[PDB]
Amino acid sequence: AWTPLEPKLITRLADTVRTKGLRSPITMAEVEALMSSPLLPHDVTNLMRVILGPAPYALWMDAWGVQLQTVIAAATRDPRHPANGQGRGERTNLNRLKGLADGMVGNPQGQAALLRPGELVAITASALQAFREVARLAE
Amino acid sequence: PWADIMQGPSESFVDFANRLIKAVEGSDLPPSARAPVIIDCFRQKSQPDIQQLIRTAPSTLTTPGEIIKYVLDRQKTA
Amino acid sequence: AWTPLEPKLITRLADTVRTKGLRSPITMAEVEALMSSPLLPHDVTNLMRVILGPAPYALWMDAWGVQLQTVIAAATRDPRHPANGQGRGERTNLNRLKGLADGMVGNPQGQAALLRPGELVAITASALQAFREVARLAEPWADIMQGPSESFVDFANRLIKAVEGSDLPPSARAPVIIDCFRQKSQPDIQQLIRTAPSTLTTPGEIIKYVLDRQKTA
Amino acid sequence: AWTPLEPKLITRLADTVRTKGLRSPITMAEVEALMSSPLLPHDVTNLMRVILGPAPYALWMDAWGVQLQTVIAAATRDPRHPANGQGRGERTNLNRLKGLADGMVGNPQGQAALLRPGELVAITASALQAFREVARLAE
Amino acid sequence: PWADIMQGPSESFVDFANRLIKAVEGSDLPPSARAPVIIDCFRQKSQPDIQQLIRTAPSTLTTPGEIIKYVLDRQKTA
Amino acid sequence: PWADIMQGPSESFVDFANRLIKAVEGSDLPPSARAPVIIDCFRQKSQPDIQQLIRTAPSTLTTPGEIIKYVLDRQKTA
Amino acid sequence: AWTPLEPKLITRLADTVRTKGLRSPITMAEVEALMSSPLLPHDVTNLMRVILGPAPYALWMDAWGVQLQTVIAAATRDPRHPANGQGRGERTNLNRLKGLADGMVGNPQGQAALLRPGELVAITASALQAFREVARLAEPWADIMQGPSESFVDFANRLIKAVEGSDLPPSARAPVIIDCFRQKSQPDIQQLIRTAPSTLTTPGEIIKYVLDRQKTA
Amino acid sequence: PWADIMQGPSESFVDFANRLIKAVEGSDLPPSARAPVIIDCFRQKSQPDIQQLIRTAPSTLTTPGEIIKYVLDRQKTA
Amino acid sequence: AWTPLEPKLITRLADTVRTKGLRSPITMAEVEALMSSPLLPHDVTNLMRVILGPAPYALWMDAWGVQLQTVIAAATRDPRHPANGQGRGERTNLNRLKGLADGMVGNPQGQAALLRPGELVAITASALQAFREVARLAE
Amino acid sequence: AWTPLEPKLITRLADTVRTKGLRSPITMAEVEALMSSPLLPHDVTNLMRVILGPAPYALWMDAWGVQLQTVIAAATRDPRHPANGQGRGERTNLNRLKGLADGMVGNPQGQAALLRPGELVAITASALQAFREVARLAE
């Protein structure tokens, strides 16, 4: 069952990003805090939509896609990925990682249903690395 | 109005990009027409130094984020 | 039986030569078109009288005579010329080629009667080569610069025109055009070509690249 | 038997390109008109030599080569090309498409002799697409 | 009038030759007197650069066409 | 000191590269840290024309020799 | 047995490179001189370390590697390379060419022991071509004009230098030099070349003619 | 003295040739050395207009009479 | 028997050439007058030596040689020249025309002995034409 | 076996030409010194490439060609040339003199193999005369 993040925590994090900036160690610590439980693509996408401005959000979408593509290359380079399965029918496509696959587009409940925990942690680590890249790039 | 937005002579590029993306996304365009419009407004607005910087891009930039990253990398520090 | 060329086609060709000039590829194509069927000396002479001015016509008469003389030298060097015959009584004199022989002076019907088809095609090829010579003669690449306000396609057109219509060998035009694109073509485009992540090894590729990445203004 | 295009039509088309430009819809309609019957490489080459200036002609040669190469890749990807045959001895090389093969260089009669109708229509479509590309590029 | 034709300071040589041959052939001279007159008008008109170019001709030019060819070959490109 | 080396406004690039490589190799750095330092000093020193020339490199340059070759090819002749 | 090159010759060559530069014909002649006997990778490597600065040495290492890789591609494309053998056990790896193979690293004696004469001459030719590339790279003909006060021999020297030290094919230099003599070389010499009763078909002949008939001033 | 004879700025060429041939033939030179001296004095004296006129002779002039004829033909009428 | 021309007439002709020039019709008439009887090469040579300056005399020697060469070409083109004979032993060489043949060099008496009247009139006409050429050339 | 000239002597001669000029008697003496042994076309060509500037080198190539052509005319005028042989198969073409013949282009060893000593001395004398002409012409 999907539970959304508190809008109070999200508002506090957005104001933190607004006053301290993207690169302050306190901001990265707060992001790591709100990045503790494995989030669904819907959660991370809406979170970055709210806390980041338009141009940093575009940059972050780009960087997140690139990092997810590196993850999928490593996944096709190793059939023992915690997102993959043993047979070929469990291979994870980027539509399933970005939340674009069938039964997931716009629906967080179905998303949480079909996604694997390894998928969730890989998406989360990818999003964190992308946030770091964009923060280092913006300023 | 998005089609009246120009990058001022003294304005930085991230401020211009913020203003333009704001005015384009908060407008009456369909959702599937915002990215091409933002790109083509980056190319024709954004005073001729950045215009030539985007024109002479050895790679093809097909996303506002990629254009912003490229311009921020190769911009004239001043 | 002799049939004259249409004065309508001749008028259109004359106006083409008047507006486009003698050396344009469209003009040479039109001349090749009106040079399709083997013409009698009368036809080619009147055609050049009408389409060419007085001084180009004098030059063309000179060049036509020289080329016909080369043809007659090759003919006396080979008794199997399509204008010649097997015996010595069919040897073709320049009076017969220029239409000056007996029974031909001023009369196109008699001309068409006595002339051979090989004679006609040789006269026609000679006249075409003479026209080419005079056109190349009647009308500098290393002095061409791209003006401050000129576009790049106009500069490329002018440069390629002046380089291909010059005295360079055919195998030296592309490298010269490239190296002139690189050193002329004012420093904005110079730096645009210099910072090319790919290696451009053809004038067409350079033109395409510059047209893609040019500063819209 | 090869029949050349009328120099009157070619002169009218050249003046159309001279006054209206390369990209006007009337110019493209006129080109489509003179591109009605399948032309031999000699015909299209001389046509573009006459109607186009030197630099657009260089660009058009480049684009025509690229499009013909795409056609030959599709041809080696499908042995049922109307230019190809069933056996391997009918495979069509770029020397045969550009008119550079043996018995064709400079001779339009021999060209018309050895070429296939599928070859002719493929060459013609390739030349039309190349003209469109160059027209979109020049202005 | 043929005897009043001069090559202008800015005029090219083929235009001057065209004008002169036109005025000489469309005049009251006998047919056997046109070529010598055209030659001697090329030599005395046709401003002193081309005058000296024709004067210092290592070969003898005995026809208007030959003079035109020689001058077109050795003319000062400008 | 290697970290104080700048390319002068009038200095050529091969002289700057010679001076920088000399000061970096004749210093207290480990041998495995000289190439990355030389590259990152080419990128941040070497006044902004060459900085932008290296930044807009369609290929990725991963060696001081490759950077030197690229810059020598595409440098602004002056 | 390995014999080192004289440090006196190496010092003289280094000072030659220091004063004349990398691209002078005297410098290339001196390098060809010291490149006469087939050198071991150790010799050429130390030679380029001594005569070249740090940045040209890096460039030269790059170019030498690329040329050796082309050589090894040609070697795997032909089993009859003078560096190769007939069986597969004599195939020459780049570690053996660059001196990195086993029993060769840092030891010139062992190097000279295991290397083939074909290997040595291939390495030497590769190093010479790499030196040529780097020299052409370390340091525009269509922009050269004869100054109002400049003499003609200086202009000809500058133009021939810039044309021969450029990217043109070898068969396109003479026509370009001639056509640049004709269109550059301010209008007095332009008219002097134009009114040439003879046809000049060589840069040397044009230079001789102009030097004969030039306006002494 | 023959070696001191120059063609004056206003003097015609036939007067200069007369004076020079007179002074050369009425001197102490051997008879077999007069023609080469007269030729080489025509070439080096005879102020630079005629000097260049003789220099650019498509034919080789090997006699004082031939040089005189050539110069009289192609001289600048003034 | 050879009789020399009067030095009084030669002095008057020289002063005429000195005052009127080479091209005046009175000068040409006077030359035609002193060119009435067929002169020997010695006579014409000395006459031109006296009346002409050094440079016109060189030009006249050249022109006289050229005209005599044309005459000798016409003579070898027709064996019925009044200077020639019927057999090949009477063919007239340029040494006999210019007075350079054997028994003639410097001796006017021997000259008058061996020369033919046709030879004399041909030499005279040649000299007159050469004088005309040089006069037209000098001014 | 071919032995190259010392680059030290060539450098000294080049500096002599640079300071004293082309026409000084000391320079001509030095050239005669380095022109002592019969040189192959490769040697003389590279020597003139190094010691002479670009424009004097062009002039020297022209003059050397002209002098070699005069030599070949004298050779076809006398079958007893030290470069020629007795039969017609040893006649020396300009491709063999300028080093352009087969087996000689760019290879000094093969050059030294096929060339005759008479060929070498004729080439050397021709090059010396050409150097004299160019030196008299340059200044």
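Residues numbered from 1 in each chain as written, not as in the entry; some residues may be left out. Chains lettered and ligands numbered in written order. Heavy atoms only, no water. Residues with missing side-chain atoms left out of burial classes, pairs and counts.

This entry lists cryo-EM as its structure determination method and reports a resolution of 6.0 Å.

J.: How would you explain the overall build of chain A if you had to name every residue and give the values?
T.: When helices and strands are tallied, chain A shows seven helices and zero strands. For chain A, the C-alpha radius of gyration of 15 Å lies close to 14 Å, the compact-globule estimate for 139 residues. Dimensions along the principal axes, computed over C-alpha positions, put chain A at roughly 50 × 30 × 25 Å. (Helix = DSSP H or I, 4+ residues; strand = E, 2+ residues; numbered from the N terminus. Rg over C-alpha atoms; globule rule 2.2 N^0.38 Å.)

J.: For the overall build of chain B, give the residues involved together with the corresponding values.
T.: On a plain count of helices and strands, chain B comes out with four helices and zero strands. Each helix (α) and strand (β) of chain B, taken in turn from the N terminus, gives the series α-α-α-α. Expressed as lengths along the three principal axes of its C-alpha atoms, the size of chain B is roughly 35 × 30 × 15 Å.

J.: Can you lay out the arrangement of the chains for me, pointing to particular residues and giving the numbers?
T.: With no contact between them, chain E and chain F keep their nearest C-alpha atoms 30 Å apart. As for chain J relative to chain E, no contact occurs, and the smallest C-alpha gap between them is 23 Å. (Contact = heavy atoms within 4.5 Å.)

J.: Can you explain the environment of I:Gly103? Please cite residues and give values.
T.: Residue and element names in this part refer to chain I. Along the chain, the position of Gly-103 falls in the loop between α5 (94-97) and α6 (108-114). A C-alpha to C-alpha distance of 9.4 Å links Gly-103 and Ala-113, two positions 10 residues apart in sequence. Dropping the residues within four chain positions of it, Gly-103 is found in contact with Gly-110 and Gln-111.

J.: Go over the environment of G:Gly99 with me, naming the residues and quoting the values.
T.: Residues and elements named next belong to chain G. Mapped onto the fold, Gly-99 is located in the loop between α5 (94-97) and α6 (108-114). The spacing of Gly-99 and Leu-40 is 59 residues in sequence and 8.2 Å in space, taken between C-alpha atoms. Filtering out sequence-adjacent residues up to four positions away, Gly-99 remains in contact with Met-104 and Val-105.

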